There are 4 protein chains.
Amino acid sequence: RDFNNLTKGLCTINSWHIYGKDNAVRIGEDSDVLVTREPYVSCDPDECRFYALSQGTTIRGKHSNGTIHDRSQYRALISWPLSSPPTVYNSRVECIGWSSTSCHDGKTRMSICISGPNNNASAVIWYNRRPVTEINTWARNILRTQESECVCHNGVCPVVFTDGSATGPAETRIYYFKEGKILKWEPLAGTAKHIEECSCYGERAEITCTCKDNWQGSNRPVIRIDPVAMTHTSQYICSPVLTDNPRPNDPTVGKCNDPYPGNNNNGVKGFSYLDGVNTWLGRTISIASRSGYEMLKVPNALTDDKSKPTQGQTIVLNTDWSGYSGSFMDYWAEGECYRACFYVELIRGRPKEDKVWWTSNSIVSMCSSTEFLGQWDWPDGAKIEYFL
Amino acid sequence: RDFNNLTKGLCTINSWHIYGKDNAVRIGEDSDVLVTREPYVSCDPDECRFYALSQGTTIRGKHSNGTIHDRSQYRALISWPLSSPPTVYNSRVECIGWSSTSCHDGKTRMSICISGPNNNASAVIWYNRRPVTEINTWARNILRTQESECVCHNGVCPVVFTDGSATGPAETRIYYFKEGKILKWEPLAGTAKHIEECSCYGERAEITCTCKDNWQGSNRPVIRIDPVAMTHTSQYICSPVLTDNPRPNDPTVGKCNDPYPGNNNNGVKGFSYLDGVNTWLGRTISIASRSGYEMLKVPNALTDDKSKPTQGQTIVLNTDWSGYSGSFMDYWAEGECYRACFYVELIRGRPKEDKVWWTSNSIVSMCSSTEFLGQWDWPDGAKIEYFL
Amino acid sequence: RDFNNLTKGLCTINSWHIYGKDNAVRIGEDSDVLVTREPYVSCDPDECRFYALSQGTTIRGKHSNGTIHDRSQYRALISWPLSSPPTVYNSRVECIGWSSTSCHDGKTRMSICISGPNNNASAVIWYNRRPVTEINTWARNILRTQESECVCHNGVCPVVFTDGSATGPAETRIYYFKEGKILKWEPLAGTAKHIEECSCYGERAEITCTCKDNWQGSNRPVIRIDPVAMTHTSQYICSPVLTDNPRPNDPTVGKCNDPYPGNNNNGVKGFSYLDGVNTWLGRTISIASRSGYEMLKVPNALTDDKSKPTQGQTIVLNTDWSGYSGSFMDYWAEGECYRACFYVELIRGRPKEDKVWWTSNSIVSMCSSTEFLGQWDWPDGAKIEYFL
Amino acid sequence: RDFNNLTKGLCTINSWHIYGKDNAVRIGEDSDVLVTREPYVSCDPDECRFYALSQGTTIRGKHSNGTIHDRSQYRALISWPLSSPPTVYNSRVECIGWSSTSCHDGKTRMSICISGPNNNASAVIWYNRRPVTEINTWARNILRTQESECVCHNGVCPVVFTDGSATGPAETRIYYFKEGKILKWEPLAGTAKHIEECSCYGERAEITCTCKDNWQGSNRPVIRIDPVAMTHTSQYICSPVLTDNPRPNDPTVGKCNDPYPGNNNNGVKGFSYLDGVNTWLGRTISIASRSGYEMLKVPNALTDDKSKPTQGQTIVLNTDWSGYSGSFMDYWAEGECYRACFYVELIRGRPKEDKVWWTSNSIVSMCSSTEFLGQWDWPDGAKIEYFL
Ligand SMILES: *[C@@H]1O[C@H](CO)[C@@H](O[C@@H]2O[C@H](CO)[C@@H](O[C@@H]3O[C@H](CO[C@H]4O[C@H](CO)[C@@H](O)[C@H](O)[C@@H]4O)[C@@H](O)[C@H](O[C@H]4O[C@H](CO)[C@@H](O)[C@H](O)[C@@H]4O[C@H]4O[C@H](CO)[C@@H](O)[C@H](O)[C@@H]4O[C@H]4O[C@H](CO)[C@@H](O)[C@H](O)[C@@H]4O)[C@@H]3O)[C@H](O)[C@H]2NC(C)=O)[C@H](O)[C@H]1NC(C)=O
Ligand SMILES: *[C@@H]1O[C@H](CO)[C@@H](O[C@@H]2O[C@H](CO)[C@@H](O[C@@H]3O[C@H](CO[C@H]4O[C@H](CO)[C@@H](O)[C@H](O)[C@@H]4O)[C@@H](O)[C@H](O[C@H]4O[C@H](CO)[C@@H](O)[C@H](O)[C@@H]4O[C@H]4O[C@H](CO)[C@@H](O)[C@H](O)[C@@H]4O[C@H]4O[C@H](CO)[C@@H](O)[C@H](O)[C@@H]4O)[C@@H]3O)[C@H](O)[C@H]2NC(C)=O)[C@H](O)[C@H]1NC(C)=O
Ligand SMILES: *[C@@H]1O[C@H](CO)[C@@H](O[C@@H]2O[C@H](CO)[C@@H](O[C@@H]3O[C@H](CO[C@H]4O[C@H](CO)[C@@H](O)[C@H](O)[C@@H]4O)[C@@H](O)[C@H](O[C@H]4O[C@H](CO)[C@@H](O)[C@H](O)[C@@H]4O[C@H]4O[C@H](CO)[C@@H](O)[C@H](O)[C@@H]4O[C@H]4O[C@H](CO)[C@@H](O)[C@H](O)[C@@H]4O)[C@@H]3O)[C@H](O)[C@H]2NC(C)=O)[C@H](O)[C@H]1NC(C)=O
Ligand SMILES: *[C@@H]1O[C@H](CO)[C@@H](O[C@@H]2O[C@H](CO)[C@@H](O[C@@H]3O[C@H](CO[C@H]4O[C@H](CO)[C@@H](O)[C@H](O)[C@@H]4O)[C@@H](O)[C@H](O[C@H]4O[C@H](CO)[C@@H](O)[C@H](O)[C@@H]4O[C@H]4O[C@H](CO)[C@@H](O)[C@H](O)[C@@H]4O[C@H]4O[C@H](CO)[C@@H](O)[C@H](O)[C@@H]4O)[C@@H]3O)[C@H](O)[C@H]2NC(C)=O)[C@H](O)[C@H]1NC(C)=O
Ligand SMILES: *[C@@H]1O[C@H](CO)[C@@H](O[C@@H]2O[C@H](CO)[C@@H](O)[C@H](O)[C@H]2NC(C)=O)[C@H](O)[C@H]1NC(C)=O
Ligand SMILES: *[C@@H]1O[C@H](CO)[C@@H](O[C@@H]2O[C@H](CO)[C@@H](O)[C@H](O)[C@H]2NC(C)=O)[C@H](O)[C@H]1NC(C)=O
Ligand SMILES: CC(=O)N[C@H]1[C@H]([C@H](O)[C@H](O)CO)OC(C(=O)O)=C[C@@H]1NC(=N)N
Ligand SMILES: CC(=O)N[C@H]1[C@H]([C@H](O)[C@H](O)CO)OC(C(=O)O)=C[C@@H]1NC(=N)N
Ligand SMILES: CC(=O)N[C@H]1[C@H]([C@H](O)[C@H](O)CO)OC(C(=O)O)=C[C@@H]1NC(=N)N
Ligand SMILES: CC(=O)N[C@H]1[C@H]([C@H](O)[C@H](O)CO)OC(C(=O)O)=C[C@@H]1NC(=N)N
Ligand SMILES: [Ca+2]
Ligand SMILES: [Ca+2]
Ligand SMILES: [Ca+2]
Ligand SMILES: [Ca+2]
Ligand SMILES: [Ca+2]
């Protein structure tokens with residue numbers, strides 16, 4: 001109808017309720033489920049759907065062998081109905097590639113897929129299910145993007161891309177798209193020293209992105225975008241409650257403008273909701289691997305370098321595999337505020353479970369409640385032994 | 001369009017005709033059918049669909065092992081086209097959880113799923129396919145609901161929940177929802193001593209629920225709700241024709257305000273249509289197990305403590321497995337009266353058929369006819385031996 | 001929109017072109033295709049679909065064993081997209097039963113399914129996907145109907161039913177339905193001595209049905225219905241070109257008002273287009289079994305007792321299995337005339353191919369062309385050996 | 001709405017970006033994917049879909065044995081969602097046959113399928129999903145058509161057919177259809193000596209078709225059609241950069257009005273975009289087999305007999321199997337110009353990979369970019385060994 005405008009602020013997050021879960025790996029043990037990774041969730045005005053990068057093969061299919069690899073010509077961004085598994089028969093291909101983002105601007109959806117060899121990748125921006133714009137690699141080193149939904153405001157949908165090294169300074173750009181066309185792009189500015197895989201959400205005409213500093217930071221870089229002025233700033237979450245993985249143990253004081261040291265060249269896509277006292281951080285429980293998942297209320301995490309948790313909720317037990325996580329909200333829901341939501345990728349297979357030759361995942365997602373709900377843990381649920 | 005109003009009375013029930021049957025277990029022996037239990041049927045203004053709690057695995061899948069269990073993080077309320085089986089590819093997830101209810105108010109549908117550990121469960125109320133309200137457990141002991149459709153009147157859709165013991169007094173509540181929001185809730189009142197799994201239907205601005213007294217009663221508790229005044233009453237079906245299972249043999253006089261004794265801490269979800277002489281009771285044929293199913297016309301069953309059958313119809317032979325049963329009607333059909341309908345869950349597998357490691361079911365459903373139709377029996381139809 | 005009216009006459013049939021073919025048995029050798037029999041085709045104003053009686057199991061499924069049987073509680077009328085196979089995932093159940101008919105009146109569709117034991121069957125008439133009317137068996141001996149589409153005119157859709165013996169006189173009735181309700185029913189009248197499985201089509205406000213005399217006739221009975229006056233007549237196709245199966249060799253003179261003798265208590269559903277010189281008869285090539293299929297132009301077959309073929313077209317080679325056949329037309333096509341169409345059921349499995357324990361079929365269908373097209377033969381295409 | 005008119009010229013082609021890829025053979029190793037060949041892509045005003053000739057069996061199905069054959073009664077034109085594989089469950093049959101074409105005129109789609117024995121084939125023209133016209137073979141020798149989309153202008157959709165020898169002069173006809181009806185047909189005229197499988201596109205009220213001279217030419221014949229005057233001309237691409245396969249090595253001067261010699265009675269469906277300096281030719285890399293695929297910018301190829309490449313892009317490595325290729329464009333996209341697109345059929349199985357008994361393919365497709373994008377190669381991706 002009309003372009004959506006971020007007119008509401010976040011609802012108060014007092015707990016998290018179950019939103020969606022597809023049990024993909026369980027079901028896929030005996031049905032035609034596509035092998036995936038890098039999933040997310042994204043809403044249209046009339047429906048919310050699960051998204052992910054397919055590996056172009058079923059889990060039980062012999063071609064599942066080798067899917068630990070990140071970029072092949074057989075991957076594609078696919079979407080499928082909320083809480084269903086990604087099957088050969090119900091998956092809709094949005095575009096071809098090995099890194100993506102997607103978002104609805106209120107009128108129609110924009111989807112972006114990047115494909116190519118490491119030194120010659122390119123992104124193609126689709127809008128209303130048609131290719132509209134293409135961007136060639138600018139640093140010739142794995143052009144890559146969010147791996148979760150972008151956010152739009154009055155037709156303007158900003159997207160964060162990175163091209164260059166994963167273990168040294170790279171060239172991060174913020175592109176402002178409108179109807180699939182480029183209105184403007186900026187180089188990254190601010191104090192964030194490295195950016196990859198931004199998880200974004202919007203509220204009151206501002207877009208907040210919690211990304212990852214793969215090079216040096218165990219605290220997360222944050223990019224705040226003004227989609228009207230089409231400008232932004234960057235910093236790190238000041239809080240001592242470190243949220244990347246792997247990471248060192250939590251200190252008593254964090255860092256606001258530099259990566260918190262202790263772990264280099266590694267990390268996991270993650271997210272946060274930074275809203276003063278209504279601030280919640282997500283993170284793996286393990287400091288060593290993609291294991292477990294919890295939500296911690298850390299009032300003023302973004303700006304308070306000594307902020308520590310005041311409440312929390314366990315999403316996945318430390319004895320269960322987690323993975324990537326990101327933000328999304330249903331901007332077309334009823335009510336006076338936007339309800340914060342997120343998903344956690346539950347990785348199964350390689351490298352942690354090497355008795356099988358594949359790597360895939362299932363999805364679990366939650367949204368906020370103003371109630372103080374009881375908690376449950378939500379594991380993938382599959383028995384690897386069955387696949388042997 | 002406009003909210004539906006219960007303006008019609010029931011059609012005269014002279015017999016029951018076949019409405020839907022999915023042969024899920026038969027078909028699922030060689031196709032991707034999800035393992036389920038606790039099914040029901042529910043209509044929208046333009047379509048009627050089968051509903052059930054999936055176990056997050058196919059019947060032939062190795063994860064089918066263990067599905068006798070009631071509550072896991074892998075269950076979800078799903079719906080699928082009338083008379084089709086619940087397949088991985090045609091099942092639509094309504095919400096995540098292990099106890100549910102759902103109903104269309106004329107404009108859109110409300111679905112409720114409860115999930116959690118036994119001492120920390122919570123219900124999330126979805127409306128127009130979005131989460132709107134959440135209710136935390138109040139007795140910290142398996143918050144649970146209907147397992148069949150709720151009914152709406154002018155936007156108000158009452159739902160019965162129980163939290164607390166299954167073998168002693170519990171805390172039953174009646175919530176009146178409108179657009180997924182809570183308008184009001186009452187504690188159970190009346191003479192019903194325990195309530196679980198209410199089967200409801202509406203006619204002439206009144207909602208009748210036939211539930212189950214798991215603690216002491218072999219006769220069924222009945223809750224009648226006024227959705228305008230948002231008030232209710234409770235009692236038991238007075239009739240000597242006992243309809244719970246297991247149960248003692250039928251006496252010559254029943255009980256109107258206390259559970260009829262003989263069997264404790266057990267029972268099965270069931271239903272009835274209480275409409276003076278146009279009264280029909282459903283029940284398993286066996287007094288010991290979920291075996292067989294019959295419909296008995298027991299004029300004035302609700303209020304006459306010596307009422308006995310005047311007509312009847314066999315739905316499932318005592319040599320076939322039955323299970324849960326419940327009411328639903330198509331409130332958007334043509335004509336001057338609402339046609340009473342019900343479904344019977346045909347349980348296969350554990351605990352009765354333990355040569356297989358799974359528990360699932362198929363569905364059979366009937367609706368009333370003003371004709372006096374010939375009867376047939378409708379078994380699940382699957383041969384367990386094939387699954388060995 | 002508005003009820004359809006049979007305002008056009010038939011197009012001139014100079015040959016038959018390929019319309020649809022689903023290759024169900026071939027494809028079903030390695031995919032989830034339902035076992036069926038008694039198929040047909042029927043159009044809605046915006047789509048034409050394949051219809052059939054499912055057996056409630058896949059072909060490869062173990063429950064396929066025994067599907068040679070005609071009536072079980074596991075059968076249902078299903079429809080699926082033109083030329084696709086009837087799969088577990090794309091089949092839409094219209095109603096439950098073992099004998100059916102269905103037709104669109106221009107506004108919505110009426111579907112009829114009969115279920116029951118032999119001595120207590122009943123038909124339930126569905127309209128706009130809801131049950132509206134029920135009719136109890138009147139002769140207590142396998143109430144049965146067309147097994148192909150009915151035809152409507154200004155809301156009135158006549159249907160032919162038979163109840164009673166298959167090898168002696170029975171009670172045949174013509175019901176005139178409008179919006180699923182009974183307007184009137186007549187007993188069969190005319191000279192037809194036995195009626196079963198009528199194949200009907202309409203043109204210029206008249207409905208012609210070519211049925212089968214299972215008891216004594218090798219020539220086919222024909223019922224012509226006036227859907228306005230709601231009256232009918234009956235006779236046999238006068239032609240010496242006999243079209244039932246099994247049957248005696250063709251004589252040089254047929255019979256107009258009595259069954260042509262030579263074969264008792266047996267036959268196959270078949271059809272014809274009786275339109276003066278524009279007359280075409282379908283029949284199996286073999287006089288002994290459901291083998292082969294051909295179309296023969298027999299000018300004035302209905303009224304000329306010495307009429308013999310003037311043109312012809314082979315549909316299925318005598319070295320291939322055929323089966324039932326029937327008429328349908330797309331009454332919502334463009335143009336000035338209705339294009340005659342028909343389908344042939346290609347039966348595979350039992351009783352002719354007993355190395356497998358199942359019985360199923362695929363469908364081939366043709367429509368007329370005013371051109372004189374080259375002919376091809378259209379077999380089922382499956383290799384039984386593969387199923388062993 | 002209104003008939004589409006070719007009002008735009010081509011966008012400038014500076015490179016090719018990835019459009020769609022279904023990885024059919026990979027996925028089909030463990031899911032219900034139909035065996036196909038002769039694929040293409042075609043757009044409707046609201047969706048673009050993959051098309052192909054099914055073989056009426058799955059790849060893993062036993063009936064896949066023998067699918068190297070071209071024409072059987074089990075083939076049909078099917079379409080399915082962009083980038084999905086052609087599965088039993090998501091494939092929509094457009095018509096029955098072994099040679100086809102299809103195109104949307106802006107209001108609705110016309111699809112054409114030819115079926116029959118070699119000496120008695122016939123084409124049936126479907127419009128708005130109904131059969132409208134039939135054309136009988138005129139040379140009684142494999143009536144055949146494009147195997148890719150046709151193009152329409154103001155309701156007029158020209159189609160090229162060939163009937164007669166594959167190794168000598170044949171009877172090629174250009175039919176001008178409007179709403180499935182024949183407006184006019186011409187015999188081929190111009191200097192093209194043999195025509196088969198035309199790949200067409202339209203721009204500025206002109207339709208260009210790049211076909212194949214199976215008899216003598218290694219350069220490609222080109223037919224330019226005026227769909228208003230309903231007239232055409234024919235010649236060959238003058239360029240020395242030869243684009244058929246098999247073929248001799250490239251000379252330094254080509255031929256404008258006669259087949260370039262060196263290879264007889266063989267070839268592959270191919271295409272080109274002839275637009276002055278904005279000219280791009282597609283071809284297999286190997287001169288001996290359907291191996292590899294590249295796009296070469298050959299300014300003025302059509303008219304310059306010494307034109308050689310000025311830019312290029314590799315689509316498939318010479319160490320990977322290719323096959324047929326053709327043109328299509330989304331005539332309903334936004335913007336001021338039509339974006340040239342094409343697909344390459346990636347053939348797997350027989351005759352080149354004879355360890356398996358089947359022949360099938362997957363599809364890869366690209367569209368033009370005005371950017372100068374980095375290139376990647378796009379192979380089928382399946383491991384034949386897995387199928388053994
Ligand atoms: C039914 O459901 C309800 C609703 O969920 C249940 O109630 C919930 O119970 C939760 C578990 O107790 C609780 O979650 C905790 O909240 C704590 C905050 O609350 C407390 O402190 C505040 C502030 O003073 C008080 O106001 C309040 O009253 C409480 O006393 C958090 O601090 C908890 O998180 C910390 O502990 C968990 C382990 O339990 C860690 O996994 C987590 O990371 C936190 O601890 C690490 O991080 C901090 C910060 O740096 C460190 O200081 C600390 O040492 C830990 O650090 C190590 O571990 C991390 C992670 O591995 C590592 O990286 C680091 O290096 C170190 O090695 C926790 O979030 C909910 O708030 C509470 N909800 C409600 C509404 O009450 C109820 O129990 C259920 N009922 C039943 C019967 O089960
Ligand atoms: C073609 O189709 C038609 C249509 O369906 C067929 O006709 C139907 O036939 C049915 C079977 O006969 C019939 O159903 C019965 O109706 C009885 C009521 O009618 C009779 O009594 C009235 C009242 O006086 C008369 O007016 C009327 O004319 C009849 O004479 C019911 O009483 C029957 O139910 C009882 O029996 C069945 C076993 O048959 C039990 O399963 C059932 O539970 C009922 O009996 C138990 O319960 C009562 C009540 O407490 C006890 O008193 C009794 O002892 C039984 O109790 C034991 O069993 C229960 C259950 O296991 C247990 O819990 C308890 O402790 C005890 O152990 C039955 O419902 C249809 O009405 C009739 N329909 C029509 C329209 O006519 C026709 O036959 C078919 N044709 C052919 C050729 O087959
Ligand atoms: C390319 O395609 C075109 C288009 O299809 C091909 O041309 C077609 O060729 C067809 C085959 O020749 C032809 O079909 C036949 O038409 C005959 C009628 O035409 C002839 O007679 C008329 C009338 O005098 C002439 O005007 C006309 O010029 C012709 O001469 C039919 O009579 C044929 O059917 C009979 O034969 C077939 C066997 O071929 C039987 O299966 C069929 O049942 C008919 O014969 C039985 O029935 C009659 C009637 O009672 C008996 O008299 C006769 O003895 C047979 O009876 C036995 O068999 C039956 C069935 O098993 C059994 O029940 C009974 O008891 C007996 O045992 C046939 O229909 C098309 O008309 C013709 N089409 C056109 C447009 O030309 C062309 O060939 C193809 N090109 C190539 C290269 O292949
Ligand atoms: C990142 O991505 C970018 C973007 O893709 C990459 O840059 C591209 O690189 C491509 C490969 O170099 C390049 O493609 C070539 O373009 C040549 C034309 O450009 C050159 O000449 C012009 C004209 O003078 C100059 O202006 C320009 O500056 C260049 O110097 C083509 O000529 C190339 O095609 C020919 O070679 C390939 C093999 O490489 C053949 O397969 C192809 O068929 C062509 O050669 C055959 O045909 C010609 C014509 O008859 C014959 O003369 C020749 O001998 C060959 O003939 C044999 O082979 C054929 C086929 O098998 C056979 O039939 C015949 O009989 C003979 O046996 C080629 O197309 C892109 O243009 C370029 N793009 C851009 C924007 O720059 C960049 O490299 C990537 N980065 C990294 C790090 O990888
Ligand atoms: C069910 O009853 C309510 C009246 O209680 C109907 O609601 C009125 O509907 C009309 C048209 O929408 C409005 O102008 C009135 O204000 C509505 N509501 C109330 C609460 O007064 C409703 O239309 C009835 N539903 C149907 C299907 O007739
Ligand atoms: C079929 O015939 C009936 C007339 O018998 C048409 O019905 C009339 O339709 C118009 C418009 O709906 C009404 O105003 C008349 O009262 C209708 N009915 C009768 C029974 O008089 C009907 O429209 C015709 N169908 C079509 C498609 O033309
Ligand atoms: C473009 C790409 O391949 N990105 C990688 C990502 C990346 O390698 C690291 O962030 C370092 O740069 O790591 C991971 C990962 O799980 O750590 C998955 C991503 N997979 C995909 N998006 N396909
Ligand atoms: C919430 C829950 O687990 N409810 C149980 C129900 C319950 O245990 C008894 O009524 C006693 O309270 O029993 C049964 C049952 O088949 O008897 C199934 C239900 N299964 C599910 N709804 N998942
Ligand atoms: C109602 C019923 O079972 N009808 C039978 C039909 C019938 O038995 C004979 O016509 C004699 O009456 O025969 C056949 C048949 O193939 O000959 C199939 C039908 N199958 C089904 N419609 N299910
Ligand atoms: C009508 C028909 O069978 N056409 C053939 C085509 C043809 O044989 C040659 O062009 C020579 O005439 O060859 C090929 C081919 O791959 O070379 C495939 C086509 N397959 C199909 N369209 N089914
Ligand atoms: Ca890091
Ligand atoms: Ca009880
Ligand atoms: Ca007969
Ligand atoms: Ca399978
Ligand atoms: Ca050639």
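So that the names make sense, note that chain A is the first sequence line, chain B the second, and so on, each numbered from 1. Computed from heavy atoms alone, side chains included, the values below leave out hydrogens, waters and symmetry copies. In listed order, ligands and their atoms are each counted from 1.
With 3.5 Å as the limit, one finds a donor-acceptor pair spanning the side chains of D/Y293 and D/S325. With 3.5 Å as the limit, one finds a donor-acceptor pair spanning the side chains of A/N257 and A/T191. A donor-acceptor pair shorter than 3.5 Å cannot be found between the side chains of B/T67 and B/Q55. Residues A/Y324 and A/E197 have side chains that bring a donor and an acceptor to within less than 3.5 angstrom of each other.
Checked against the 2.5 Å cut-off, the SG-SG distance between A/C211 and A/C198 falls under it.
Contacts between D/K308 and ligand 4, counted as non-hydrogen atom pairs separated by less than 4.0 Å, involve the side chain only. The part of D/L373 lying near ligand 4 is the backbone, judged by heavy-atom distances below 4.0 Å. At a heavy-atom cutoff of 4.0 Å, ligand 4 is contacted by the side chain of A/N120 but not by its backbone. No part of A/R140 comes within 4.0 Å of ligand 4, judged by heavy-atom distances. With a heavy-atom cut-off of 4.0 Å, B/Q55 does not touch ligand 8 at all. Here B/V268 has no heavy atoms under 4.0 Å from ligand 8, in either its backbone or its side chain.
Among protein heavy atoms, atom 23 (N) of ligand 8 sits closest to B/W98 O, 2.8 Å. The closest protein non-hydrogen atom to atom 22 (N) of ligand 8 is B/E147 OE2, 3.0 Å. Nearest to atom 17 (O) of ligand 8 among the protein's heavy atoms is B/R290 NH2, 2.8 Å. Of the protein's heavy atoms, B/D70 OD1, 3.4 Å lies nearest to atom 19 (C) of ligand 8. With hydrogens left out, the protein atom closest to atom 2 (C) of ligand 8 is B/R71 NH1, 3.7 Å, a heavy atom. What sits closest to atom 15 (C) of ligand 8 on the protein, heavy atoms only, is B/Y324 OH, 3.0 Å.
Within a 4.0 Å radius of atom 4 (C) of ligand 4, the protein contributes at least one heavy atom. Note that atom 55 (C) of ligand 4 has no protein non-hydrogen atoms nearby, at separations under 4.0 angstrom. Within the 4.0 Å cut-off (strictly below), a protein heavy atom is located near atom 18 (C) of ligand 4. Atom 4 (N) of ligand 8 is never approached by the protein to below 4.0 angstrom, counting heavy atoms only. Shown here, atom 29 (C) of ligand 4 is out of close reach of the protein: none of its heavy atoms lies under 4.0 Å off. For atom 36 (O) of ligand 4, the nearest protein heavy atom lies 4.0 Å or farther away.
Every atom of ligand 4 with a heavy atom of D/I285 under 4.0 Å away is listed here by number and element: 60 (C), 61 (O). The contact set between ligand 4 and D/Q375, taken as ligand atoms under 4.0 Å from a residue heavy atom, comprises 2 (O), 5 (O), 6 (C), 8 (C), 9 (O), 10 (C). Shown in contact with D/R247 at under 4.0 Å from a heavy atom are these atoms of ligand 4, numbered in order with element: 63 (O).
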| request: Carefully, step by step, assess D/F342 and D/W280 under the rule ring-ring contact (aromatic ring centres under 6.0 Å, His included). | output: CA-CA 11 Å; D/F342 69 93; D/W280 286 81; 9.5 Å; no

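A/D244 contributes atom OD2 as its closest N/O/S atom to the Ca ion (ligand 11).
We find the NZ-CG distance between A/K212 and A/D244 to be 7.0 Å, quoted to the nearest 0.5 Å.
When the options D/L296, D/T310, A/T137 are ranked by their closest heavy atom to atom 34 (O) of ligand 4, first place goes to D/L296. When D/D250, D/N318, D/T252 are checked for heavy-atom proximity to atom 48 (C) of ligand 4, D/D250 turns out nearest.
Among the atoms of B/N214, none of the N or O lies under 3.5 angstrom from an N or O of ligand 8.
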